[PDB]
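Provided below as structure tokens are two forms of one protein chain, presented individually as structure 1 and structure 2.
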Structure 1
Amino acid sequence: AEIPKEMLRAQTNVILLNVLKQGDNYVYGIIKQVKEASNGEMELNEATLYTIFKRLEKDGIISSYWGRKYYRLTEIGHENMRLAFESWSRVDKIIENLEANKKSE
């Protein structure tokens, strides 16, 4: 009953982007805030954040600066989150229709 590793990575990506949507942040603060928001259950480790942030920065989704290193969501990242939400909204409607077409038949 463990969550698949690929799925966990997808979830961790979403959580981190939503933290940075809250505001610019540093790794220690992010990990601490996620721990608080998860009632202590989700304790992310630095190594996973550094891997993820390197990719998000490469894809232009986030940027960084010294101010420890602070991270922020770019305009590209905000737009990408908007398009993802819209695209997954349409998927939710497809699944709803599959269920309704089932019950109808």
Structure 2
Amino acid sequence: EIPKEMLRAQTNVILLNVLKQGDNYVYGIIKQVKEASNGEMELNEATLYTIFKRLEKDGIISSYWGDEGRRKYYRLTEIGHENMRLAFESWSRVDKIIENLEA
């Protein structure tokens, strides 16, 4: 009974943290999420595109070409980093407040 919108949010947060670790292309990200989740999270390429199109429209990530047949890299934007920082900061405070409740 976890809301579909919460699962979506968790998926977003995981993907944005992959990007936080470094700019990355689709197969790299998918591989990284699969390993980090112990196989629990195996995204398909089409799923990432749906998610990234929206994150990009929202100014949270952008993309550019690598080098060497070129790959497309996705990058967390500066606005993207700040939103994550504020979300992380505010949810840690929530954690601190609960902790206090439990003391």
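Each residue is numbered by where it sits in the sequence of structure 1, with counting from 1. The term rigid core refers to the most C-alpha atoms you can superpose between the two forms while keeping them within 1.5 Å. Shifts are known only where both forms have a C-alpha.
Taking the rigid core as fixed, one finds a CA shift for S87 of 2 Å or more between the two structures. Structural comparison between the two structures after rigid-core fitting shows the C-alpha of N45 displaced 1.0 Å.
Here the two forms are laid over each other by their core, and the C-alpha of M7 is off by 2.6 Å between the two structures. Its Cα shifted by 0.8 Å, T74 is compared between the two structures on a rigid core fit. In sequence order, the runs of at least 3 consecutive residues whose Cα atoms each shift by 2 Å or more between the two structures, relative to the superposed core, are 2-8, 86-100.
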